[PDB]
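> Please read through the structure below; I'll follow up with questions.
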Amino acid sequence: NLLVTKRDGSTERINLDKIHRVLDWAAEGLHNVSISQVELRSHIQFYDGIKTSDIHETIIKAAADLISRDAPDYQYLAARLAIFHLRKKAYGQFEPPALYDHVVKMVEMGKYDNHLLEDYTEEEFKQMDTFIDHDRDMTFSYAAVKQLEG
Amino acid sequence: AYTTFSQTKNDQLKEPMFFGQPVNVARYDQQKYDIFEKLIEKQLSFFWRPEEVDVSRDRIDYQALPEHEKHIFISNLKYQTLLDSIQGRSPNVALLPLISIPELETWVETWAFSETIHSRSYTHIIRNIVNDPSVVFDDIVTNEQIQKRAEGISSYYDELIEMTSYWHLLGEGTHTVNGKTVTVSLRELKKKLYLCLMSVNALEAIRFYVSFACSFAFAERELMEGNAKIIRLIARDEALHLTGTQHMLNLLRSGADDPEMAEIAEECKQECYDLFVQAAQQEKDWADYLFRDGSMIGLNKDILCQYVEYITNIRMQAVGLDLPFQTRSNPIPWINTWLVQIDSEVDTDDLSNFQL
Amino acid sequence: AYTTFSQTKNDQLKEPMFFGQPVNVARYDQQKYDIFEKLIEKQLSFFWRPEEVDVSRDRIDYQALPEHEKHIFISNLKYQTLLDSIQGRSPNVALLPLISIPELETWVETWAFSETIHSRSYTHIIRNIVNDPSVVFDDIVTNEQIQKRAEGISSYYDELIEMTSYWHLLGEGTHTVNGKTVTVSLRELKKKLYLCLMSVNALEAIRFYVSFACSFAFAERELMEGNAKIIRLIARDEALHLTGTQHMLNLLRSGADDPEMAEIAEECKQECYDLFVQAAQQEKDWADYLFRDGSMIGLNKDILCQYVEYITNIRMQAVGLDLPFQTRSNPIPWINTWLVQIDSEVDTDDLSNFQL
Ligand SMILES: Nc1ncnc2c1ncn2[C@H]1C[C@H](O)[C@@H](COP(=O)(O)OP(=O)(O)OP(=O)(O)O)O1
């Protein structure tokens, strides 16, 4: 009966699954960690039209408090959730864009220094994109990811 | 062959737990198995009144619960009411006729009593949540998913009561009633008693705990405050129930009380294993029906079924059976939350010995 | 033919008190006989813990009792312990199989429960008064005087349980076992159930009250303070017991619940009368053997026997039986204590009208 506001700005009826799928993911390969815990801890308070971004941010801070001596893994769990959330505001999707397109767009926005284009060539950027390993964002911890995010 | 009083002056301390001699005198100054005596004193201290519980705000919280959610709650509540209604009478009826010791006799009656109180609490919770309680009660009998479990509970108790009657009317031996031949062997009668306890255990150890998860599930959501309190109290009393059953099984499987029973226990081990797996499985199926409309925040078909296995292993390993499900970390740790100037001193000589 | 959970969706309101259909669901939102429902709530409120009671000074008060006065006390205590031993288990065993209504199912179990507590209190009183409790307990079994009692109580409970077993294993009609011929008629099964209740009543109405007189007898002497309290609490709970049994007999003798039973009740009226007189008499003979060695201020063998008659008439007239003993006043009214500057005004004209 209730609705939610997706990132793009589309709206669809609330679906618990969307949250279950996500949490179940970052919990993959972890132990002593329970999905149900985060959901209830979150005491997430649905209310007609709620932005999907807020819902994601609430669950992250939840699994963040879980981190404890008994169940440390949680601090990889939250970290994984944070990066997923960051990839949304940064590229609108999990799969990152080409190293060269990313620098170009930014330069036009005034984010990166324009010298990057005067020192390196397009043919080189594509050569550096190979060294990159976005799969290394999971090697981070909530404490680390939180810092980068801020 | 049963008597509410046995004339013979038998020694209560030597007499076995079951199939012995009908308890004549009720003394508690000495017990063969202090384990039971402790359960009595411990159970009596947990005496609660379902009334004291304010269950008033639950009427509005239930109306707010989403149509799929009402299902989860009411359905889980119906099943619980079913069990404790059976385990309200079953105990005394199938246990008293066999018991031959006081410490255990009183236990069973006190154990069956606490169950009636539980059956009373549910009735107090329903009337507060719904308008017409009859709508719920009349269902527990007609419902499809509810009946099988009730039928399963019925099979083992009755099967034990039937023979117990023949063991008193007929004794060991083959007898004919209207052309028919009845074989009454104490060896067989012991299997039913053992197998029965195995079911009572799984029911009060796994079956019931599988429902508490859903009951306390709403609690974590600050929903149904009243009903969670009541359910919480039942859990405490429930623990004592599953505990007593376990010890009885061990004492029989260890040949402590009766040398023959350990043998018998070894023969049914395989059948007893399939029993737990039978119930443990039925628990999963219900989770699917309990969620067929949808899911809650931090509980669902998948996450729930996981708990079923986790607890089954602990309960089975307790009585002495191989772990049917794979070893796992607990899937809902939250269920445990409901289950219990400056010193100024200066010395020159002390520091003068320190070389820079 | 008994089930801990009847599949059929029968109406608990229409079903008779006994011989109906095994109670399946445990609901308390509606009762056919609110009388029982009231007994439950009332009984649960009187929940007491034999331990809370201070019986410590009773150890010195009893040591002081001259061996004969120690006779009166210890002897009376032994009988009581025997009475609630049986009332411990008999109810659920005999009562439960037959009950077909949920209000009453739960009453009986709660009624039998309260009895276990009583059996517990006695054990707590003995250990405090004597050095070796075994000396007392081992006697209830061997004392002959206890024996006429014990056997009699067992007989009626057992006689009812025996048939109840056949009514489920065989059912109505004539059946044969090992050549022997067994006649199972529901009409006869109802007599045993009725006659049994008649005994349970007299026991919990006359038999028990005949012992309280001696228990409270020491109380009036400021002796055995602790024991006086415990026994007093048992009396309160006891009242509810005899009440439920009465209500149960009337409904059966009035043909309210079962039309047939009214008739059956009329056939046993004579046999039921001899029953009360039987027990009422045994009460007298025991009292003689209360004092064989002496009497102590308040109790007499004479004065006590008088109370036996006084109460028997009230209890018998309650169920609907002719008064066997003469009409008399309460021989021990003290027992009821345990059961529960002026105005100066001058007028000349007002008096001037008065002629002398
Ligand atoms: N319809 C929904 N109802 C409830 N929660 C939702 C719903 N849709 C998404 N969520 C949850 C899932 C995540 O935990 C969180 C964030 O979703 P997120 O993936 O970041 O944005 P998104 O909705 O635009 O992408 P996606 O379509 O893949 O879910 O919100």
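Naming works like this for the structure tokens: A, B, ... for the chains as they're shown, residue 1 at the start of each chain, ligands 1 onward in shown order.
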Please find the residues of chain B near chain A - the criterion being any atom within 6 Å, counting only C-alpha atoms - and write them as a list in words.
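Matching residues, ligands excluded from the count: residues 220, 297, 298, 299, 329, 331 and 332 of chain B.
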> Suppose we keep N, CA and C atoms; can you now write the selection as a PDB file, in the first residue's frame?

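Saved to part_16.pdb:
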ATOM      1  N   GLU B 220      10.614  -6.688  18.373  1.00  0.00           N
ATOM      2  CA  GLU B 220      11.766  -5.902  17.947  1.00  0.00           C
ATOM      3  C   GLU B 220      11.295  -4.678  17.170  1.00  0.00           C
ATOM      4  N   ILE B 297       9.880  -7.014   8.227  1.00  0.00           N
ATOM      5  CA  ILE B 297      11.213  -6.461   8.433  1.00  0.00           C
ATOM      6  C   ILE B 297      12.034  -7.335   9.376  1.00  0.00           C
ATOM      7  N   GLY B 298      13.059  -7.982   8.832  1.00  0.00           N
ATOM      8  CA  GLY B 298      13.902  -8.868   9.614  1.00  0.00           C
ATOM      9  C   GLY B 298      13.177 -10.129  10.043  1.00  0.00           C
ATOM     10  N   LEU B 299      12.346 -10.661   9.153  1.00  0.00           N
ATOM     11  CA  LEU B 299      11.952 -12.062   9.215  1.00  0.00           C
ATOM     12  C   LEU B 299      11.265 -12.466   7.916  1.00  0.00           C
ATOM     13  N   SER B 329      26.032 -20.740  12.307  1.00  0.00           N
ATOM     14  CA  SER B 329      25.938 -19.685  13.303  1.00  0.00           C
ATOM     15  C   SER B 329      24.469 -19.320  13.455  1.00  0.00           C
ATOM     16  N   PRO B 331      21.071 -17.571  13.275  1.00  0.00           N
ATOM     17  CA  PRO B 331      20.544 -16.642  12.265  1.00  0.00           C
ATOM     18  C   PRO B 331      19.746 -15.463  12.830  1.00  0.00           C
ATOM     19  N   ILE B 332      19.397 -15.522  14.111  1.00  0.00           N
ATOM     20  CA  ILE B 332      18.644 -14.454  14.760  1.00  0.00           C
ATOM     21  C   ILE B 332      19.068 -14.270  16.217  1.00  0.00           C
TER      22      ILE B 332
END
> Against chain C, which residues of chain B fall within 8 Å? For each one I want the closest pair of atoms and the distance in Å (one decimal), counting only C-alpha atoms, rows by chain and increasing residue number, as a tab-separated table.

residue	atom	partner	partner_atom	distance
B:2	CA	C:158	CA	6.7
B:3	CA	C:158	CA	5.6
B:4	CA	C:154	CA	5.2
B:5	CA	C:154	CA	5.3
B:7	CA	C:141	CA	6.9
B:8	CA	C:141	CA	7.4
B:9	CA	C:141	CA	5.7
B:24	CA	C:85	CA	7.0
B:25	CA	C:85	CA	5.8
B:26	CA	C:85	CA	5.1
B:27	CA	C:123	CA	6.0
B:28	CA	C:123	CA	6.1
B:29	CA	C:123	CA	6.6
B:81	CA	C:26	CA	7.4
B:82	CA	C:25	CA	6.5
B:85	CA	C:26	CA	5.4
B:86	CA	C:4	CA	5.9
B:89	CA	C:4	CA	6.8
B:90	CA	C:4	CA	5.7
B:92	CA	C:92	CA	6.4
B:93	CA	C:93	CA	6.1
B:96	CA	C:93	CA	7.0
B:97	CA	C:93	CA	7.3
B:106	CA	C:116	CA	6.5
B:109	CA	C:113	CA	6.5
B:110	CA	C:113	CA	6.4
B:112	CA	C:109	CA	7.9
B:113	CA	C:109	CA	6.4
B:116	CA	C:106	CA	6.5
B:119	CA	C:26	CA	5.9
B:120	CA	C:28	CA	6.8
B:123	CA	C:27	CA	5.9
B:127	CA	C:29	CA	7.6
B:133	CA	C:29	CA	7.3
B:137	CA	C:27	CA	7.3
B:138	CA	C:9	CA	7.6
B:140	CA	C:25	CA	7.7
B:141	CA	C:9	CA	6.0
B:142	CA	C:9	CA	7.2
B:147	CA	C:7	CA	7.8
B:150	CA	C:5	CA	7.1
B:151	CA	C:5	CA	7.5
B:154	CA	C:4	CA	5.7
B:157	CA	C:4	CA	7.0
B:158	CA	C:3	CA	5.8
B:162	CA	C:169	CA	7.4
B:165	CA	C:165	CA	6.0
B:169	CA	C:162	CA	7.4
B:175	CA	C:178	CA	5.5
B:176	CA	C:178	CA	5.1
B:177	CA	C:177	CA	4.5
B:178	CA	C:176	CA	5.4
> What's around residue 77 (chain A) at 7 Å? Count only C-alpha atoms, leave out sequence neighbours fewer than 2 positions away in its own chain, and write the answer as a tab-separated table (two decimals) with N, CA, C and O atoms, in the first residue's frame.

chain	number	residue	atom	x	y	z
A	26	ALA	N	25.86	-8.45	0.87
A	26	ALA	CA	27.01	-8.05	1.67
A	26	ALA	C	27.29	-9.03	2.81
A	26	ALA	O	28.37	-9.00	3.40
A	27	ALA	N	26.33	-9.89	3.10
A	27	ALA	CA	26.48	-10.87	4.17
A	27	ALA	C	27.10	-12.16	3.64
A	27	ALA	O	27.45	-13.06	4.41
A	63	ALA	N	23.92	-1.97	10.59
A	63	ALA	CA	24.94	-3.01	10.58
A	63	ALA	C	26.26	-2.45	11.08
A	63	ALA	O	27.20	-3.20	11.37
A	73	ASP	N	32.58	-9.54	11.94
A	73	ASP	CA	32.59	-9.55	10.50
A	73	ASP	C	31.79	-8.34	10.07
A	73	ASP	O	31.97	-7.80	8.98
A	74	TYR	N	30.88	-7.90	10.95
A	74	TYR	CA	29.89	-6.89	10.58
A	74	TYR	C	30.54	-5.69	9.91
A	74	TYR	O	29.91	-4.99	9.12
A	75	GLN	N	31.81	-5.46	10.22
A	75	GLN	CA	32.50	-4.25	9.79
A	75	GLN	C	33.03	-4.39	8.37
A	75	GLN	O	33.55	-3.43	7.79
A	79	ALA	N	30.71	-1.98	5.48
A	79	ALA	CA	31.62	-1.43	4.48
A	79	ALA	C	31.10	-1.73	3.08
A	79	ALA	O	31.04	-0.85	2.22
A	80	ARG	N	30.72	-2.98	2.85
A	80	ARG	CA	30.20	-3.41	1.55
A	80	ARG	C	28.94	-2.63	1.20
A	80	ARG	O	28.72	-2.28	0.04
A	81	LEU	N	28.11	-2.37	2.20
A	81	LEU	CA	26.87	-1.63	2.00
A	81	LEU	C	27.18	-0.18	1.65
A	81	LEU	O	26.54	0.41	0.77
> Within 9 Å of ligand 1, counting only C-alpha atoms and all ligand atoms: which residues, as an MDAnalysis selection string?
chainID A and resid 2:23 46 50:60 81 84:88 92:93
> Please run DSSP on the backbone and report, as an MDAnalysis selection string, all residues within chain A that come out as helix (DSSP H, G or I).
chainID A and resid 17:26 35:42 52:66 74:91 99:109 115:119 122:128 134:138 142:149
> Show me, as a VMD selection string, the residues that have an atom within 8 Å of residue 212 (chain B) when counting only C-alpha atoms, minus same-chain residues fewer than 4 positions from it.
chain B and resid 208 216 to 217 231 235
> Would you mind exporting the chosen residues as an mmCIF file, in the first residue's frame, restricted to N, CA and C atoms?

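New file again-v2.cif:
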data_model
loop_
_atom_site.group_PDB
_atom_site.id
_atom_site.type_symbol
_atom_site.label_atom_id
_atom_site.label_comp_id
_atom_site.auth_asym_id
_atom_site.auth_seq_id
_atom_site.Cartn_x
_atom_site.Cartn_y
_atom_site.Cartn_z
ATOM 1 N N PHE B 208 7.887 -25.187 19.286
ATOM 2 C CA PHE B 208 7.502 -23.977 20.006
ATOM 3 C C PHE B 208 8.468 -22.817 19.789
ATOM 4 N N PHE B 216 8.393 -12.751 18.899
ATOM 5 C CA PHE B 216 9.342 -11.726 19.320
ATOM 6 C C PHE B 216 9.760 -10.864 18.134
ATOM 7 N N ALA B 217 9.440 -11.326 16.929
ATOM 8 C CA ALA B 217 9.777 -10.594 15.714
ATOM 9 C C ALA B 217 9.075 -9.241 15.720
ATOM 10 N N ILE B 231 4.066 -14.059 25.645
ATOM 11 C CA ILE B 231 4.827 -15.081 24.938
ATOM 12 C C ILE B 231 6.192 -15.275 25.590
ATOM 13 N N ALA B 235 7.887 -18.737 27.270
ATOM 14 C CA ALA B 235 9.192 -19.250 26.871
ATOM 15 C C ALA B 235 9.978 -19.729 28.088
#
> Mind listing the strand (DSSP E or B) residues of region 53-267 of chain C, per DSSP on the backbone, as number ranges by chain?
C: 99, 173-177, 180-184
> Would you mind exporting the chosen residues as an mmCIF file, in the first residue's frame, restricted to N, CA, C and O atoms?

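Result file is again_22.cif:
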data_model
loop_
_atom_site.group_PDB
_atom_site.id
_atom_site.type_symbol
_atom_site.label_atom_id
_atom_site.label_comp_id
_atom_site.auth_asym_id
_atom_site.auth_seq_id
_atom_site.Cartn_x
_atom_site.Cartn_y
_atom_site.Cartn_z
ATOM 1 N N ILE C 99 -14.008 -35.986 30.662
ATOM 2 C CA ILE C 99 -14.341 -34.592 30.389
ATOM 3 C C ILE C 99 -14.428 -34.321 28.891
ATOM 4 O O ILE C 99 -13.621 -34.823 28.111
ATOM 5 N N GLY C 173 -21.638 -52.087 24.326
ATOM 6 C CA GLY C 173 -21.900 -53.423 23.821
ATOM 7 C C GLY C 173 -21.177 -54.479 24.630
ATOM 8 O O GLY C 173 -20.305 -54.164 25.440
ATOM 9 N N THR C 174 -21.537 -55.739 24.411
ATOM 10 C CA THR C 174 -20.917 -56.847 25.126
ATOM 11 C C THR C 174 -19.760 -57.424 24.315
ATOM 12 O O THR C 174 -19.931 -57.807 23.159
ATOM 13 N N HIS C 175 -18.592 -57.501 24.956
ATOM 14 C CA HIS C 175 -17.346 -57.941 24.325
ATOM 15 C C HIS C 175 -16.622 -59.003 25.160
ATOM 16 O O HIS C 175 -16.847 -59.115 26.365
ATOM 17 N N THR C 176 -15.796 -59.807 24.497
ATOM 18 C CA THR C 176 -15.147 -60.950 25.131
ATOM 19 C C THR C 176 -13.626 -60.870 25.069
ATOM 20 O O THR C 176 -13.052 -60.570 24.021
ATOM 21 N N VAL C 177 -12.978 -61.138 26.198
ATOM 22 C CA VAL C 177 -11.524 -61.082 26.281
ATOM 23 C C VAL C 177 -10.965 -62.363 26.893
ATOM 24 O O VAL C 177 -11.208 -62.660 28.064
ATOM 25 N N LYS C 180 -13.304 -64.795 28.562
ATOM 26 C CA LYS C 180 -14.140 -64.037 29.485
ATOM 27 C C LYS C 180 -15.096 -63.132 28.715
ATOM 28 O O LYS C 180 -14.831 -62.766 27.569
ATOM 29 N N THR C 181 -16.208 -62.774 29.348
ATOM 30 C CA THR C 181 -17.201 -61.908 28.722
ATOM 31 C C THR C 181 -17.275 -60.571 29.453
ATOM 32 O O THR C 181 -17.573 -60.521 30.646
ATOM 33 N N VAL C 182 -16.999 -59.490 28.729
ATOM 34 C CA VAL C 182 -17.030 -58.153 29.309
ATOM 35 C C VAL C 182 -18.209 -57.347 28.772
ATOM 36 O O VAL C 182 -18.380 -57.215 27.560
ATOM 37 N N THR C 183 -19.014 -56.809 29.680
ATOM 38 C CA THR C 183 -20.175 -56.011 29.301
ATOM 39 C C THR C 183 -19.904 -54.532 29.548
ATOM 40 O O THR C 183 -19.873 -54.079 30.694
ATOM 41 N N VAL C 184 -19.706 -53.782 28.469
ATOM 42 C CA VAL C 184 -19.432 -52.354 28.570
ATOM 43 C C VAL C 184 -20.655 -51.526 28.190
ATOM 44 O O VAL C 184 -20.947 -51.339 27.007
#
> Find the residues near region 254-271 of chain C: any atom within 8 Å, counting only C-alpha atoms, skip ones fewer than 3 places away on the same chain, and give them as a VMD selection string.
chain C and resid 16 to 17 187 190 to 191 194 to 195 250 to 251 274 to 275 321
> Output C-alpha atoms of each residue in that selection to a file, as a PDB file, in the first residue's frame.

ATOM      1  CA  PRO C  16     -22.083 -32.681  27.880  1.00  0.00           C
ATOM      2  CA  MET C  17     -19.784 -32.513  30.911  1.00  0.00           C
ATOM      3  CA  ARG C 187     -25.210 -46.527  31.554  1.00  0.00           C
ATOM      4  CA  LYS C 190     -22.074 -43.213  34.407  1.00  0.00           C
ATOM      5  CA  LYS C 191     -22.866 -44.748  37.794  1.00  0.00           C
ATOM      6  CA  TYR C 194     -21.386 -40.414  39.754  1.00  0.00           C
ATOM      7  CA  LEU C 195     -20.705 -42.654  42.756  1.00  0.00           C
ATOM      8  CA  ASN C 250     -26.530 -31.527  40.823  1.00  0.00           C
ATOM      9  CA  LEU C 251     -26.218 -30.919  37.079  1.00  0.00           C
ATOM     10  CA  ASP C 274     -25.119 -45.413  52.492  1.00  0.00           C
ATOM     11  CA  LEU C 275     -21.872 -44.014  51.089  1.00  0.00           C
ATOM     12  CA  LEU C 321     -29.790 -36.628  50.336  1.00  0.00           C
TER      13      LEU C 321
END
> Quick one: distance from CA of residue 38 (chain C) to CA of residue 136 (chain B) in Å, one decimal?
23.6 Å
> Rank B:108, B:218, B:101, B:18 by their smallest atom-to-atom distance to residue 65 (chain B), using only C-alpha atoms, and report the top residue only.
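Looking at the shortest contact to residue 65 (chain B), the residue is B:218.
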> So what do you get for CA of residue 338 (chain B) versus CA of residue 322 (chain B), distance-wise?
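CA of residue 322 (chain B) lies at a distance of 28.4 Å from CA of residue 338 (chain B).
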